[PDB]
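Participant: experimental coordinates for this protein are included below, preceded by the sequence.
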Amino acid sequence: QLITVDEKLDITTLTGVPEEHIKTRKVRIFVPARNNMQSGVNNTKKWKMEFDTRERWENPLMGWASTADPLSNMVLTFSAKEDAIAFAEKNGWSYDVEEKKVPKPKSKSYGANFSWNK
Amino acid sequence: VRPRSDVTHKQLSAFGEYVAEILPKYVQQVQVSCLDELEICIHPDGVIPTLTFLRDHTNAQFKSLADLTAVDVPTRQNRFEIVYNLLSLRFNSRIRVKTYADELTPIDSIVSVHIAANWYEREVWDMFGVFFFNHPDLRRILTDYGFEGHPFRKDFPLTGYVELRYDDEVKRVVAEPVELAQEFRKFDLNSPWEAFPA
Amino acid sequence: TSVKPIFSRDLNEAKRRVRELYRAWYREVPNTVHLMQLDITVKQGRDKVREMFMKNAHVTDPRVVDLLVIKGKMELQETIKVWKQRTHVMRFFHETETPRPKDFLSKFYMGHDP
Amino acid sequence: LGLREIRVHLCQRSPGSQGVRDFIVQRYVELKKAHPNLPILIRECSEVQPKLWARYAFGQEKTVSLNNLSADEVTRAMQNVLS
Amino acid sequence: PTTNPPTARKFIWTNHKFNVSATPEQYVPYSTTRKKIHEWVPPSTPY
Amino acid sequence: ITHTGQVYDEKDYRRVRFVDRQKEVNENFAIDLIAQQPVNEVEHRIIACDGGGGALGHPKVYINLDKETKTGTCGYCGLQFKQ
Amino acid sequence: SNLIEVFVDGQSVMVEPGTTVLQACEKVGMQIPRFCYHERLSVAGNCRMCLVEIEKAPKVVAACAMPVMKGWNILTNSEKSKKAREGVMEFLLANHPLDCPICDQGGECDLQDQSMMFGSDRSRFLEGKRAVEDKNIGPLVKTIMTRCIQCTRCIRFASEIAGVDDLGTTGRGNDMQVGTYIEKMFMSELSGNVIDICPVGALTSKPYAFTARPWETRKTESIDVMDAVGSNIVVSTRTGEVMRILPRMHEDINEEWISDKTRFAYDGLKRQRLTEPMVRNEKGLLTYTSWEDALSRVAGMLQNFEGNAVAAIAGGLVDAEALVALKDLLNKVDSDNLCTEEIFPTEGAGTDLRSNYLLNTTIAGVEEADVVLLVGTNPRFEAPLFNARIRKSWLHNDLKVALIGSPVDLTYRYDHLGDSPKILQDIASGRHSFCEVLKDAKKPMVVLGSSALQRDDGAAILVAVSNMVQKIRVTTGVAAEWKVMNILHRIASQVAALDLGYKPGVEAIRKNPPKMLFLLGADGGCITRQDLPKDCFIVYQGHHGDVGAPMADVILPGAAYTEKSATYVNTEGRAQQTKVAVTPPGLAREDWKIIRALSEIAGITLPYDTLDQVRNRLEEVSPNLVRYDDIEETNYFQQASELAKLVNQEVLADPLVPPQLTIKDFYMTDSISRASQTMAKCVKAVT
Amino acid sequence: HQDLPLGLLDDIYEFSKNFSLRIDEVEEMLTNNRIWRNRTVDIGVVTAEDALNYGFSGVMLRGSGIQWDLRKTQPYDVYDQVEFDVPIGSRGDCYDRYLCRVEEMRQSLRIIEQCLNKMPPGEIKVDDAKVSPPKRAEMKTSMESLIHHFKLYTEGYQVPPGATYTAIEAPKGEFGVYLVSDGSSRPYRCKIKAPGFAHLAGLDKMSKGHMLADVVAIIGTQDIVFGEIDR
Ligand code: SF4
Ligand code: SF4
Ligand code: FES
Ligand SMILES: [Zn+2]
C-alpha cells in the first residue's frame, strides 16, 4: 500500500552536494535565445537551467583561466518549464524562471515593396 | 547506406507481440528500432516477471544478461531508465527490456533471474543511485570508499567536488574542494539548423 | 503525494532504524580509532557521528530517511569491515582544509562571489 | 516623529485596493498641495494587500496595512501618519 | 641525409640542441598574452 | 621581447621563473620574415595563392589585385601580389 | 474567418490569408533553409535557396515570397525540393572563397550549416573563382566582401531598419558587388547590426576580428545599460573577459537590434578600470590599500558627520540595488540629500506618481500611435532603438512625426514646428497649424526628452507640455488606456533612482554643501571640489576612473553591468536583470555589498546581507524592481495635471537643443563609452 | 582513417608466415609441461549452465563447450566472408580454455591469411562528407569540402536520435557499446559492456575451496584488463 507525504520531494540530502553549493547557488531556467549571427531556430527550442556564474581568475604560471566553482559548466536541458522547476525544488537550488519569448507573427508580402504610396 | 533486411524487423516485431501478449500486465510499449532491435518496455513491477519469462520460456530462451544500465533523463519524472539487454544463444537474438525508476523508488533486483546482474546492479546504484531490493550485497563498486554523490547522474559536475593531494603537515592524503587550473572549456556545439523531420 | 514506501511505512518506523544505526556507529567509533590508529578522540569521533546524524535531522519524508540509513549502513560496513583506511575516515573531520568564515564582512573582504 | 516619506503601495485591479486607489483619485492632489515638499510615493504592488509604508527620521520605517479599507479610513490613516 | 640532403628554409636551426632540461637553457613556461584589464593609474599630481 | 611584446614587468614575479633559466623566445619573428619576401608582380586581375605545394600548402584562395594602390595579401601566407 | 487551411505535409495548419509558404512551414515547426529572408526585413527572393514544392504543381515555389493558398501541400522535404537545394548550394559555394578559417563567422555561418544540412558533400566547380575588391566601409565593420552571396539584406536593413539608404547594388552579372559606389563610410547608429544580419562573414566586426571563435564563447543573457531603452543583449565571454555583446530578441524593447555604442564599448569596459581601493595619502596622492583601511577612512568620517552634511550624487550606470543600499545607509545617519545628476523637474508631483517620469505608451505603442510630438530631444542619439521604433511605424504604419527642437537628422520625415519652448503654448492655444493635425489624431503621443528638462526652465517645459497633453486628450477624446504624455530618459539609473524616491537634480546639495559626499558612480561635473566645503571629503564609488576619481579622498572600486546580478529599469518602467557574465576584476566588489559593508563598519548596518534580501528590500520601497519584464499599466495623469496647473513658470525664449546634435556627440557619453578605444577610433574617424 | 601504407600487407605476411612456429614453441614449453597441466587442469571449472547464467560470454563460455562466437552467429564487418573454426572446449578448466586461446591464435592466422589474399581495391572511408572528413586535397581546393571539414572537426556527425547495443567478439569476449544518442553531435550515454565485469564476478563462484596460488591462476584465465572492468 502507498503512503502519504505532502513534503515537496527534496532529496538534497541524498544528492551528495557540498552544503555551500546548495544554498548559495541560484540557477536560472531560460530558453536559449539565438545568437543573432545565425537565423536558425533549432537552439531556441528546449528549456535549459544554468547555475549562476562564479570566479574565473587568471592562472599565474600559464595565464589559463582557472575556476573554483564545480557547477559552472553544468547546464541541464529540460523539455518543459514545469519539469525544470521540479528539478530545482527537489535538488534544493533556488530558481528564477524566465518566460519563453517567441517572435510575434509578422505580416509580410512582396507586393508591399512596390506600393504606390508607402 | 547500410543494408537492412526486413526479415528481422518482421521476426522481431512478431516476437514483440508474442511477449506482449504473454506478459500484458507489465508490457507498456514494445518497439523495434529501424536497426532491427526489439525493446519491450515494462512497468517497474514487471522486472522479475518479464525477465523470468524470457530466461525460461521454450519459445524465447534469453539465457545471458549482456548489460544493465540506466540512462538518466533529468526531464523525465522517473529520472532513470534501467535498460536490460539480453541475449538468446538459442535463437541468436537480443532483446532489451527497459523500465523507469525515480531516485527514491527502488526497482526489484534480478540477481535471482540472472546472477550476472549482481555486479551491474551495484554499478547502477554507485553511479546513478537507483536502489535494488533483495540484492545480496549492494555497495559501491566503482567509486572511492568515501565518495559522496552518484557520479553518472546528469546533475553531477564532471570534475566533481573533491580532489586529492598529499599534505606534509598531516602526512596523509587529504580531500580539498576541487580547484582546477584550466576549467573544462565548454564548447557549445549544437547548430541552430535541424537535419530532417525526425 | 501517493508515494510507495521503500522500507519504512512512516517516519515513525523509519526513526527506529536510525536509532539502530546510531547505536551501531556509536559502538564502532572506538574500534575504528584503534584499528586505524587514527589520531582522534573517541569522544570527539562520537560527536562527529552525532553531527552527521543530525545534519540530516530536517528530513520529514519516510522514503528519504530509509535510503539515508541504507547509505549510512553501507558506510559503516566500509569502516568496520575495513576497506576504508585512515585517509578515508579522517576526511570526515576535514582536518587539513582551512575553514571559511560565514560573516558577511569576512566574505566581502575575501571573495568576489559569496 | 520626523516624517521623511510615505509609501502607498496600492495594488491595481485588486479588490481590496479599491479604497486606496479611490483615495488617490480624490484626495491625493489635496494632500500634496498641503504638504508640498514631503514625497508621497504612489507605487503599484501585486498579489500583496496595500501597505502605507512610512519612513520616519533616522532610517526607521513603519507599516500600516490598507487591505479592504474605505476611502476615508485611508484618508484618516494617512492624516494620522503626518501628525 | 648525405645522399639526399634536407630542404633548407632560412629559418631552420644550424645548431640543434639536446635535452636542456637539467641545464639552465630549459623551457620555463610563461603566458605570452599581454595584459587584459588595464587599470586607472591614480593622478600623481596632488589635487 | 616575444612576438607579441610579451615582457614581464620589472616587478612581476613570474620573472622568478626565468631566474637561473632561459626564457624561451625565437629570434625569427614572422611579422618581419614575411616582409622580406617581395611583392609578386602578377599580370592578371585575380590570381590564386594555393599556399605553395598544393596539398602540402594552404586552402586555395583567389586574390583581387584590382586596387591599383594596394597589393593583395593572402590571408594565409601573407604573401603579397600586385598587378 | 480569415483562416485558410493549408497543409504542410498534410498537417492542416490554418493561417491568416497573406501568410507566405515559409511562414506556413514555421507554425507546423519545419524551417525552410533561407538566405535573404529576415523576419523584420522586406522579402526579396534574391537567393532562391527556399524553393519548395507545393503539391500537384509543375514548378517549385519561393517560400518566403509566395502567398499561401487554400489546400496547398508544401512537400518541403520532397525529393524535388532537395534537388532544388542541392543545386542552389552548388552555386552559392561555387564563387565562394574558401577562407572559412579566416571567416570569423566560422561556426556562426548560415551557409556552411545550411550546406552541411541541406546541401551536397562535394563540388563540381572545376572552373575558376571570382574576387571582389574589399572596401573600407568604416572603422567598425570589416567588409571582406569577396564573401558576399548578394543576398541584399544589408541594402534592406540599411534602408528599411536604419534610414541610411547608402549601401546599394552596383553592376549586373557575376560582378554585382553590394558596396558603396564611392567610398563614403557607413556612419550611422544601428550600423553594427549589418554584421549580425549578413549571414555570410563578408562584412564582420573589426574590433572583434580574430579574438575568438563562437563555439568557445560562453553566452550570458543580460541588459543594455549604455542607453535607457534597456535593450536586451547577450554578453559572449571566453575564459573570463567579455569578447562580444550581440543582440538577443525582445519583441517590445530591442527586437533583434542594439546600438553602435552598446556593442563596441565592451572594449572601454577593460581599461582605466578601478580595481583596488586606494586612499588619499598624507603626501596627497591616491595610495592602493586594503578594504578594511579604505572602508574605515569612510566609516569614521560618516560617524563624525550628521544628516545634511553627508550627501550622495549618484548617476549614470549604478544599479537599483546599490541605489537602495546608499539611501538606507544615508538615512541611518538621517540625510535624505540622496540625488541624481540628471535634473527631472520635481515641483509638481514628480517622483510621486510614476507617470510624470516614464514613457508609459510602450516602446511597442509607438507602433499603434497616430501623431508623435517629439519635443526637445534627438531620439536618433538619445534612444537609438526607439528612434527605430518611430522609423518602422512611419514606414510600415503611418505615424505623422513632429519635432519642437533643433531641425535635426531624424532618419525620417518629421515636421519641424520650430525651435522655441513657448510655441508649445502656441499648440495649447490651438494657434499653431499642427493643433488640428492632432485634433485629427485618434491615438496621439507627446514625448518630452529628459535633456530639454535639464535646462533651467525644465519645470516650466514639463508644465507647458502637460497643459497641451490635457486638451489634446480632451479634443481627441482619446480613450484612457491610450496615454498621450510620456518622457524618455538617456541615463540608465534615472528611472530606478526616481522610483526608489531619490530626488532628481543636485539642486539641494548646491544650496547646503555636505561635509561628505558619496559619489556613487558619478563622473558628471554636477558639483566639483571647489564647490564643496573646505573639507571636501568625498569618496568615489564606481568602476572607471574618469572625473570623480582624481578628486576623491577615497576610492572604493565597484563593478559594471557585465559583472553583477543587478537590476535596471528602462523608460516605461520595465525592470530588467543583468546577470554576471564575468566575475568583477581585482579586489573590486559588487556595488550593493561595498555599501552593506561600509554600514557594518559604521554601526548602522543595512538589514540585507544576500542579494535576494536586497531585492526583498527593493520590494518594500518600490514594486517594479521585483517583477521583471512587466510594464506597470495604470497611471494617474489627471492629478498630475492639477499640480502642474498650480505650478507657474516661464519658458525662456532660448531654443531647446538636444546635446547630441550630430553622431560624434553620440559615440562618447558615459564612463565605459569614454574609456573605449573603439569609440575613440570612431570619434576621430568622424572628426 | 588512412589506407594501408604501400607495403604493409607484404610484411603482415612475412610475420604471419612465421608466427606459427612461435606459437608452436610456446607449446613445446607449456601445453604438455608436466607442471603447467597440474596448476591449470581442473582449476576453476565452470559448468555450461552457470557460465551463461553469470554472463561470461567469451572463451570462458566457449571453454565450457557452449558454442557461441558472435563472429559466426552474428557476423559484423566481413567476418562473414572469411572461414575459421571456433575452438570449442570440453572439460572446461584453466588448461582447456588456455588451449582454446592458443587455438584462436592459430585460427586468427587463418583469417589474416585470407584477408591478405582477398582485400579489395577501393576507398577506406565512406564517401559521405556528412560522416567522413573530406580528403585534404579536396578541402584545400573545393568550398563544399572545406565547409564539411570545418563543421565535422569543430561540431560533429550529428547522429540521428536513437539507441543501439552492438557487440563484437573482442579478444576477451563480448564487447558491446549501448550508445543512446539524441540528435546532437555529442552522445547522451555510452555504457561499455566489458567482457571482464562479468568474468571477475565469477571469480567467487570459480575459486571456491582453492589455494592462494589457484586464485592467481584464475585471474589469468579471465584475461582481466582493469581498464574495461573499471571504465
Ligand atoms: S562565410 Fe565565412 S564561414 Fe561561412 S562559409 Fe563563407 S567563409 Fe566559410
Ligand atoms: S553583405 Fe552580407 S548582407 Fe549585404 S549582401 Fe553581401 S551578404 Fe547579403
Ligand atoms: S529566402 Fe526564399 S528567396 Fe531567399
Ligand atoms: Zn598565400
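Facilitator: Okay, I see it. Numbering: from 1, shown residues only, chains lettered A, B, ... in the order given. Ligands and ions are numbered 1, 2, ... in the order given.

Participant: what about stretch G:448-459, how long is it end to end?
Facilitator: One end of stretch G:448-459 to the other measures 12 Å (C-alpha to C-alpha, to the nearest Å).

Participant: ok, that stretch near chain D or not?
Facilitator: No: for stretch G:448-459, no contact with chain D is found by C-beta under 8 Å from any C-beta of the partner chain; the gap never falls below 13.4 Å. (Each C-beta comes from the backbone N, C-alpha and C, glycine too.)

Participant: now find how far off-centre that stretch is within its chain.
Facilitator: Put simply, stretch G:448-459 sits 21 Å off its chain's centre (C-alpha atoms, centre = their mean, to the nearest Å).

Participant: and the contacts of that stretch?
Facilitator: Residues outside stretch G:448-459 that contact it (C-beta atoms under 8 Å, 6 or more residues apart in numbering or on different chains) are G:342-348, G:374-379, G:382, G:405, G:421, G:461-462, G:465, G:485-491, G:494, G:647, G:649-652, G:654, G:656, G:658-659.

Participant: how deep is residue C:73 tucked in, by neighbour count?
Facilitator: 16 (other C-beta atoms under 10 Å in any protein chain shown).

Participant: hmm, I typed the wrong one, I wanted residue B:85.
Facilitator: The number of residues packed near residue B:85 is 24, by other C-beta under 10 Å.

Participant: same question, residue G:368
Facilitator: Close neighbours of residue G:368, defined as other C-beta under 10 Å, add up to 14.

Participant: and residue H:89, what is it in contact with?
Facilitator: H:59, H:62, H:63, H:64, H:65, H:96, H:97, H:99, H:100.

Participant: sort out for me which of the contacts of stretch G:448-459 are in strands.
Facilitator: Using DSSP state E to define strands, the subset of these located there is G:374, G:375, G:485, G:486.

Participant: the second one: neighbouring residues, count only.
Facilitator: Taking other C-beta under 10 Å as the criterion, the count of residues near residue G:375 is 25.

Participant: can I assume it is in contact with residue G:446?
Facilitator: Yes: taking C-beta atoms under 8 Å as the definition, residue G:375 is a contact partner of residue G:446 at 6.5 Å.

Participant: spit out the residues that contact the two alike.
Facilitator: By C-beta under 8 Å, 6+ apart, the residues touching both residue G:375 and residue G:446 are residue G:465.

Participant: before we move on, back to that, of the ones in strands among the contacts of stretch G:448-459, keep whichever come out buried.
Facilitator: Taking 16 or more other C-beta atoms under 10 Å in any protein chain shown as the criterion, what is buried in those is G:374, G:375, G:485, G:486.

Participant: stretch C:45-59 close to chain B?
Facilitator: No: using C-beta under 8 Å from any C-beta, stretch C:45-59 never reaches chain B; the gap is at least 11.1 Å.

Participant: ok, residues contacting that stretch?
Facilitator: Against stretch C:45-59 from outside (C-beta under 8 Å, 6+ apart): A:13, C:18, C:21-22, C:25-26, C:29-30, C:32-33, C:38, C:65, C:68, C:92-93.

Participant: and those, which are buried?
Facilitator: A:13, C:18, C:21, C:22, C:25, C:29, C:32, C:33, C:38, C:65, C:68, C:92.

Participant: which pair in those residues spans the largest distance?
Facilitator: C:38 and C:65 (28.8 Å; C-beta to C-beta).

Participant: tell me the secondary structure for the spatially most central residue of chain A?
Facilitator: By C-alpha atoms, centre = their mean, the mean C-alpha position of chain A lies nearest to residue A:49, the distance being 2.6 Å. Assigned state for residue A:49: strand (three-state reduction, DSSP: H, G, I helix; E, B strand; the rest coil).

Participant: correct me, but it touches residue A:31?
Facilitator: No: in this structure residue A:49 lies outside contact range of residue A:31 using C-beta under 8 Å: 10.6 Å.

Participant: got phi/psi on the residue nearest to residue A:49 when sequence neighbours are not counted?
Facilitator: Computed as C-beta to C-beta, 6 or more residues apart in numbering or on different chains, the closest residue to residue A:49 that is not its neighbour in sequence is residue A:29, at 4.3 Å. When read as degrees, to the nearest 10, the backbone of residue A:29 gives phi -90, psi 120.
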